[PDB]
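# A structural walkthrough
Here is what each chain is made of, one letter per residue.
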Amino acid sequence: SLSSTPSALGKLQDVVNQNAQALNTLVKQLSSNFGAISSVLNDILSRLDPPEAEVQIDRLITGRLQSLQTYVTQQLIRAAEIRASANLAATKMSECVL
Amino acid sequence: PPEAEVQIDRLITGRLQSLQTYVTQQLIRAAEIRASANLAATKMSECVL
Amino acid sequence: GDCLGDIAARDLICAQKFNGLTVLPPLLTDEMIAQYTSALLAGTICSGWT
Amino acid sequence: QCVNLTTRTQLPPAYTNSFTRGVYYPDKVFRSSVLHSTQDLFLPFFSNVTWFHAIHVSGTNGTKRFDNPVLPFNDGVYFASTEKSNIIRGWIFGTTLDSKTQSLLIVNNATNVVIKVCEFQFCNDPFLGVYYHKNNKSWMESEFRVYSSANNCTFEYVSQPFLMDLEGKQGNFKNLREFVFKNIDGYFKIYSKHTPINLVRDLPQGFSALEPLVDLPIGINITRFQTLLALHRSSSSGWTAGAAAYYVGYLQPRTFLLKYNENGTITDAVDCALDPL
Amino acid sequence: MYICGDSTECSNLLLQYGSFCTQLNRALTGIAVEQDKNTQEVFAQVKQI
Amino acid sequence: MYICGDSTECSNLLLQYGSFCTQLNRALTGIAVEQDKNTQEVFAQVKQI
Amino acid sequence: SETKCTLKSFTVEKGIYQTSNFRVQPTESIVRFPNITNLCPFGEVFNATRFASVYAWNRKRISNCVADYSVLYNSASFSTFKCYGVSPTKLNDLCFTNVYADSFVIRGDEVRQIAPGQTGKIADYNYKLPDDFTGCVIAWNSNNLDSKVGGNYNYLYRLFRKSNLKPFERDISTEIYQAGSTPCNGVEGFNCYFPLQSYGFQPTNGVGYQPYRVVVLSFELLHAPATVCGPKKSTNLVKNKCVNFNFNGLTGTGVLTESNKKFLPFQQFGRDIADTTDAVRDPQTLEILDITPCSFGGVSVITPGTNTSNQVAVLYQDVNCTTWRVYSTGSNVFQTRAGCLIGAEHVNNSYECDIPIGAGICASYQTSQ
Amino acid sequence: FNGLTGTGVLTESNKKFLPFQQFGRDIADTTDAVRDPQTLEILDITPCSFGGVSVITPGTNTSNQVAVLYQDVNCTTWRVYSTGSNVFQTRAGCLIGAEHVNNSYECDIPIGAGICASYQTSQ
Amino acid sequence: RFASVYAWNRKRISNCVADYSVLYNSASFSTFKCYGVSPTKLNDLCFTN
Ligand SMILES: *[C@@H]1O[C@H](CO)[C@@H](O[C@@H]2O[C@H](CO)[C@@H](O)[C@H](O)[C@H]2NC(C)=O)[C@H](O)[C@H]1NC(C)=O
Ligand SMILES: *[C@@H]1O[C@H](CO)[C@@H](O)[C@H](O)[C@H]1NC(C)=O
Ligand SMILES: *[C@@H]1O[C@H](CO)[C@@H](O)[C@H](O)[C@H]1NC(C)=O
Ligand SMILES: *[C@@H]1O[C@H](CO)[C@@H](O)[C@H](O)[C@H]1NC(C)=O
Ligand SMILES: *[C@@H]1O[C@H](CO)[C@@H](O)[C@H](O)[C@H]1NC(C)=O
Ligand SMILES: *[C@@H]1O[C@H](CO)[C@@H](O)[C@H](O)[C@H]1NC(C)=O
Ligand SMILES: *[C@@H]1O[C@H](CO)[C@@H](O)[C@H](O)[C@H]1NC(C)=O
Ligand SMILES: *[C@@H]1O[C@H](CO)[C@@H](O)[C@H](O)[C@H]1NC(C)=O
Ligand SMILES: *[C@@H]1O[C@H](CO)[C@@H](O)[C@H](O)[C@H]1NC(C)=O
Ligand SMILES: *[C@@H]1O[C@H](CO)[C@@H](O)[C@H](O)[C@H]1NC(C)=O
Ligand SMILES: *[C@@H]1O[C@H](CO)[C@@H](O)[C@H](O)[C@H]1NC(C)=O
Ligand SMILES: *[C@@H]1O[C@H](CO)[C@@H](O)[C@H](O)[C@H]1NC(C)=O
């Protein structure tokens, strides 16, 4: 049955897929300008002097920190779901197996 | 355009932050509901059936 | 057309829809849930835990 | 000087399906193995394309049609043509298309390519033409009309010389040429591509992306344009159309999802506004 | 509609970092699916009527 | 690396938010430790092999 | 010490701390520009006998030259110089692509209109910049060149128009303007106007009425092959080393290697999924080079309490020791699936776990400890 | 209206402004009413776009037919992209393009309010 | 006549069209600066006091 039903293990495959997506999202989000003239620090630094560059860079820093904070929050929520599943599994090990 | 863009971007960032806050709160609340639903399912099997 | 009729009413449901916020229906209706509940009761009274 | 052409049959316009064409590389940056979202003006997918043609069929009830109307330019133009004998030569872009304002003339005259911006006074039926000499079997340029005058000439470019093949070739259309024309912040932007074809009716279904050709620093207002065709000669009635067809569509702001292959070629695209799927 | 409803100019600015909208919608969809799942686990335990 | 990868000028600005970065990592570390704990709690029920 | 700073403590508890990433500093710099030898036509642009009327301004293409503007320091004086595109101090570090110089004469009071976002006769009817403008505006007083005693009436401007201009347009039409209900077929009087007026430039005019020469340099940056570059000397190209670089004005740090990418003839730079440059076409030899970051990562430190011992072991997660992007060795190199662990002694006895490392490996501080 | 721009649907209003008031405001502080500058009447402003659309898709690796659900449309000029055929009103919205079968089955693609869909038979 | 700066003159303007383009045929201003609006938007607006 397991061999012939690929969807059977979707619960474990889903964990893997969700984590991969969360990291791929963080990389893709680097391309956002966040109000800046450019998403590339090297472009900002090549064309602007320090006091002008600082403004554009600070816009990018704020946006980038926001992306990381979003990531961490999502991971904490997912961690809680997994903890609950793990606690259930531990209970079953004692009550069903032992 | 260039002056409006500055003022608009300030509003967009704030508006987006509000939606993110909403989603975070819904996810936390959803987890609490999930726990209640799991308990209810447990009771259905052990108290009713 | 109903939200235009309700402008005077200032219905919160229309305000939410106009600002992009919606509500999705459940998959199971109240009638469907009632049927599951009734089946469980019929089963319990007729055959207990079997 | 100018000649008002006659004997032309009056026919209704034809329309065709744009399918999935009119995509061009929107940047000067190499990308590969990615999808990319862009918001520029594009020909919408499966849009209404006006089909124009030049044809001479037979005597008695022959079609005898030669389409060279003034068309709106709107927000930019997708232009494409299918031919076998170099009939379509160039375009006129401008507003009033007379001596009161500056106009842009881009023409291949079978010697070189000439680009000018002048307060030109155009002919109502501008055309170029080739005379066929039965003696020694030669096809040679014999006529140029287009305009009766030019004045201040604020922009000018002339290409290096070449020989263009003017033969009255028979058969199926063999050459598909596509162009995109835009007028942005004073620049007349042209994108293009050349595709080998073998066909007898409307635009082939398929996909390709056009490459940037040139950014011309023109500085003028364009609201209308006209296509310049060459005639074949054996006054206003003494002409044979030859066979060619051209298609005109208009660009609209759209969002597209473009797909780049492993070598950075755009190989596919999604028109995000076409339908819910 | 929430951030930039009915406005072309702010829409084009919003697209600059619109990948954030997609992420919010995914989170809300995940909740929506879960809520129907919870209902089925509690009530549809027996598939015989 | 995520924000100011190999950029001295960006890094020096980023220092203002250094306490923010520390908190992001503390949260991730707490998760990481927990994940090994979860595995041990489920499988290592009996330490007699 | 990095751990101590991170924790804001002079004491560290037993356990494993993450300590950033292994990083590599650049040792050499690379500067590459097309080998352009001509000086830009500063004389033709700024020392012209005559300038165009503002209603019919000139435009010239500039290419295949070096933008060494220090040549103007001895003889030129500009009352106005303002860059919209880049900071002025960066002009000599950059390359420019589609570079054009717009040129005309206006009155001193009108100089303020040659800017994005302005209104007025010039801004609306004669010459307009886009709101989104990349370039620099230059202007200077020409009273001793253009003004004449009886009035220099050669310079014209448009006074009447029906609609506003779009950026960079040149309307040179002389058709009569209709201000009233009259059709103005000719007429040239009453409510019908000849649209262009002259400026009576005289040596006795006050400053606001003196002529000014205006040059606007319009250009794009860092997204296409250069045609004009600043006065910067190139260097040799260094591969497979961590270097600083400047390719046609685009700066960065990384390791350059040969690429198998094939850029289209008009492409100068390539970008990755995060829109970061990851390839360039070298400007002197048209070779495509790929760029990889110098730094990579994976470093953590295994620490006994510092109130007991100052010995630490360092784990390199992505290092396969079996000088390998390692800070130091000193033997005690143990390869595990969790990385290359350096400083710990490997023993073959199994023990209860104390400080976990990963992949089945755990450490302790034990015996001469 | 006197320099205040926007997009929307203008209708007659029952609001009565004090003599010195020109514009009205909603809870969101958006404009929701104006006094017309020449005719002294008050108009209400409603956004043109109302929303509610989702798409039911069999995998694209099978076919490209889709059905579209309009959550706020009652099909009993419908604010739909196309009337098409096979217009089925459900409590979850007006569904256009799916056939209505009175034979119940196991749920495949859930739609809502007791309705599901699947792809089957010339499918 | 213009007022002395110490005793500046304030005039009320009302019930008129602000077609400032009429000044193009005669006046020349060395200084012109708007603080509350962008100059290019002036022709689409209405003003009160
Ligand atoms: C570009 O050309 C068009 C066509 O001549 C100009 O539009 C006309 O403007 C006049 C004056 O306002 C109107 O009476 C006409 O009805 C308009 N015609 C059309 C087809 O719109 C347009 O103003 C010109 N562009 C610029 C910047 O001057
Ligand atoms: C073409 O016809 C128009 C009238 O429609 C006339 O004004 C023009 O002069 C004619 N041109 C020639 C070359 O005969
Ligand atoms: C436009 O395309 C439609 C098909 O989508 C066709 O029926 C119609 O005849 C075409 N031409 C015009 C002028 O509408
Ligand atoms: C093409 O134009 C060029 C430039 O005006 C001219 O010298 C040449 O003779 C023309 N050739 C023909 C066939 O008209
Ligand atoms: C062919 O002969 C004609 C005269 O009959 C002459 O005018 C023409 O130039 C000749 N063609 C060539 C290619 O020599
Ligand atoms: C355009 O040409 C006419 C020819 O009569 C001339 O009077 C006018 O000054 C010219 N305009 C420009 C800008 O050269
Ligand atoms: C890329 O070019 C090579 C030849 O250099 C060719 O073999 C390969 O098929 C091309 N890749 C794609 C995706 O077309
Ligand atoms: C202009 O000419 C003078 C000599 O009359 C010369 O000293 C000066 O450097 C020249 N300026 C430029 C830009 O060539
Ligand atoms: C000069 O440029 C050519 C073409 O890009 C290149 O082949 C040559 O090596 C360059 N040379 C120098 C600085 O000697
Ligand atoms: C190190 O490389 C060798 C191949 O040279 C490989 O067999 C070994 O497994 C690698 N070490 C680790 C920890 O993966
Ligand atoms: C002028 O304004 C008044 C309101 O003050 C209005 O009643 C009248 O109809 C308007 N009329 C015109 C343009 O005739
Ligand atoms: C649609 O309108 C009809 C009245 O024409 C009403 O009976 C029906 O309940 C409405 N449908 C829904 C889903 O509300």
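Residues numbered from 1 in each chain as written, not as in the entry; some residues may be left out. Chains lettered and ligands numbered in written order. Part of a larger assembly, values for the part shown. Heavy atoms only, no water.

By the naming in the PDB entry, chain D goes by Spike glycoprotein and is assigned to Severe acute respiratory syndrome coronavirus 2.

In the nomenclature of the PDB entry, chain C is known as Spike glycoprotein of Severe acute respiratory syndrome coronavirus 2.

## So, the overall build of chain C
Definition in use: Put simply, DSSP H or I for four residues or longer makes a helix, DSSP E for two residues or longer makes a strand, and each gets a number counted from the N terminus. For the radius of gyration, the atom set is restricted to C-alpha positions; the globular benchmark scales as 2.2 Å times the number of residues to the power 0.38.
In terms of regular secondary structure, chain C is built from three helices and zero strands. Each helix and strand of chain C, ordered N terminal to C terminal, gives the series α-α-α. A globule of 50 residues ought to have a C-alpha radius of gyration of about 10 Å, yet chain C, at 20 Å, is considerably larger.

## Overview of the nonpolar core
For clarity, the cut-off: Nine residue types can take part in a nonpolar core, namely buried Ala, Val, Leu, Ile, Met, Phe, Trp, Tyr and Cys, and a core is a set of them joined through side-chain atoms within 4.5 Å. Type-normalised accessible area, obtained with a 1.4 Å probe on protein chains alone, sets the label of each residue: buried when under 20%, exposed when over 50%, and partly exposed for intermediate values. Contacts were defined at the residue level, with two residues in contact if any of their heavy atoms lie within 4.5 Å.
Core analysis: the largest hydrophobic core is formed by 61 residues, its most contacted members being G:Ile106, G:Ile114 and G:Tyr127. Contributing elements (two or more residues each) for this core: α2 (42–46), β7 (99–107), α3 (121–126), β8 (135–141), β13 (211–218), β15 (242–247), β16 (250–258) and β19 (288–292) of chain G. Beyond its immediate sequence surroundings of up to four residues, G:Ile114 is in contact with G:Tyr84, G:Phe104, G:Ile106, G:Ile122, G:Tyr127, G:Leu129, G:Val137, G:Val214 and G:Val216. A:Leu30, B:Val23, E:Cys10 and E:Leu13 belong to the second largest nonpolar core, which has 41 residues in total.

## Observations concerning the site of ligand 2
Here is the rule: The nearness test applies per residue and asks whether one of its heavy atoms lies within 4 Å of the molecule or strand. Here the accessible surface of atoms and residues is derived via Shrake-Rupley with a 1.4 Å probe, and residues count as covered only by protein chains that are part of the display.
By nearness alone, every residue bordering ligand 2 is listed as D:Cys2, D:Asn4 and D:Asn124. Contact with the protein chains removes 32% of the 370 Å² of surface that ligand 2 exposes when unbound.

## Details of a nonpolar patch on the surface
Residue and element names in this part refer to chain A. We count it as follows: Patch membership needs two things, relative accessible area over 30% and no salt bridge, and members are linked within 9 Å if like-charged or within 5 Å if nonpolar (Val, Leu, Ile, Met, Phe, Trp, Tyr). Salt bridges are defined as contacts in which a side-chain nitrogen from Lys or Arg sits within 4 Å of a carboxyl oxygen from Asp or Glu.
Together, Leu2, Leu9 and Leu12 line one region of the surface with nonpolar side chains, adding up to about 350 Å² of accessible area. By secondary structure assignment, the location of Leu9 is in the segment before α1 (10–28). Owing to a relative accessible area of 49%, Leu9 belongs among the partly exposed residues under this scheme.

## Considerations on the packing of aromatic side chains
Two descriptors summarise a pair of aromatic rings, namely the distance from one centre to the other and the angle between the planes of the rings. The condition that has to hold: Centres within 6.5 Å are what make two rings of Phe, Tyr or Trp a pair, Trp counting through its six-membered ring; a difference in plane orientation under 30 degrees is then read as stacked, over 60 as edge-to-face, and the rest as tilted. Should the NZ of a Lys or the CZ of an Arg lie within 6 Å of a ring centre and within 35 degrees of the ring normal, that charge is described as sitting over the ring.
According to the stated counting rule, one finds 52 aromatic pairs over all chains in the structure shown. Summarising the aromatic geometry, the rings of D:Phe45 and D:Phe256 are spaced 5.1 Å apart at their centres and angled 75 degrees between planes, so their arrangement reads as edge-to-face. The class of D:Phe256 is buried, set by a relative accessible area of 0%. Consider the rings of D:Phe93 and D:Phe225, whose centres lie 5.9 Å apart with planes at 25 degrees: the pair is stacked. Taken together, the residues span a long stretch of sequence, with D:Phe93 in strand β10 (residues 88–94) and D:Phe225 in strand β21 (residues 224–233) at a distance of 132 residues. By way of ring pairs, the aromatic residues D:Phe52, D:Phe73, D:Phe79, D:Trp91, D:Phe93, D:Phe179, D:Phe181, D:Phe188, D:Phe225 and D:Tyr246 are connected into one cluster. The ring centre of G:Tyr100 lies 4.5 Å from the NZ or CZ of G:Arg59, which sits over that ring.

## Description of the state of the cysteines
Where we set the bar: Note that a disulfide, as used here, is simply two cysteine sulfur atoms within 2.5 Å.
Applying the stated rule across the entire model yields 14 disulfides over all chains. The disulfide partner of G:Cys95 is G:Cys229, and the gap between their sulfur atoms is 2.0 Å. Residues G:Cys95 and G:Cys229 share a disulfide whose torsion about the S-S bond is about 110 degrees; that sign makes it right-handed. You can see G:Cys95 sitting in strand β6 (residues 95–96) and its partner G:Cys229 sitting in strand β14 (residues 228–229), a full 134 residues away along the chain. Across the pair, G:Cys229 and G:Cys95 agree in class, each one buried. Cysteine pairing for chain D (bonded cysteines numbered in sequence order): 1-3, 2-4. Free of any disulfide, A:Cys96 has its nearest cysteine sulfur in B:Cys47, 18 Å distant. With no disulfide partner, D:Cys272 has as its closest neighbouring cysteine sulfur the one in E:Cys21, 15 Å distant. Under the relative-accessibility criterion, D:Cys272 is labelled partly exposed at 45%.

## Description of the interface of chain F and chain A
Definition in use: Summed over both partners, the accessible surface that disappears when two parts come together, traced with a 1.4 Å probe, is what is meant by buried area. Definition of a polar contact: a pair of N or O atoms within 3.5 Å, with one able to donate and the other able to accept a hydrogen when the atoms are protein atoms, and with sequence-neighbouring residues admitted only if both atoms are side-chain atoms. The residue classification treats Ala, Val, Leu, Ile, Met, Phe, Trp, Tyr, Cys and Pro as nonpolar and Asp, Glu, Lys and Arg as charged. All others, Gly included, are polar.
Contacts between the two partners involve 22 residues from chain F, matched on the other side by 29 residues from chain A. Summed over both partners, the interface of chain F with chain A comes to about 2,300 Å²; 75% of that surface belongs to carbon and sulfur atoms. Taken together, chain F and chain A are joined by one salt bridge. Among the ionic pairs, A:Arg83 bridges to F:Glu34, the shortest N-O distance being 2.9 Å. Summed over the shared surface of chain F and chain A, the result is four residue pairs in polar contact. Elements represented by at least two residues in the side of chain F that touches chain A include exactly α1 (8–14) and α2 (18–43) of chain F. The class makeup of the residues in the side of chain F that touches chain A is 15 nonpolar, four polar and three charged.

## A few points about the environment of H:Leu40
Relative to the elements of secondary structure, H:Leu40 occurs in the loop between β3 (31–35) and β4 (42–46). It is 57 Å that separates the C-alpha atoms of H:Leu40 and H:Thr60, two residues lying 20 residues apart in sequence.

## Examining the UniProt feature "disulfide bond" in chain D
Residues and elements named next belong to chain D. For clarity, the threshold we go by: UniProt positions are given in the numbering used here, feature names are shortened, and annotations may be inferred rather than shown by experiment.
At 2.1 Å, the distance between the sulfur atoms of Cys2 and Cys123 falls under 2.5 Å, matching the disulfide given in UniProt. Here the residue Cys2 occupies a position in the segment before β1 (14–17), and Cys123 occupies one in the loop between β13 (121–122) and β14 (128–133), the gap between them amounting to 121 residues. Take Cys123: its relative accessible area is 6%, and that puts it in the buried class. UniProt's annotated cystine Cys118-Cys153 is reproduced in these coordinates, with an S-S distance of 2.0 Å, under 2.5 Å. You can see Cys118 sitting in strand β12 (residues 113–118) and its partner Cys153 sitting in the loop between β16 (147–149) and β17 (155–158), a full 35 residues away along the chain.

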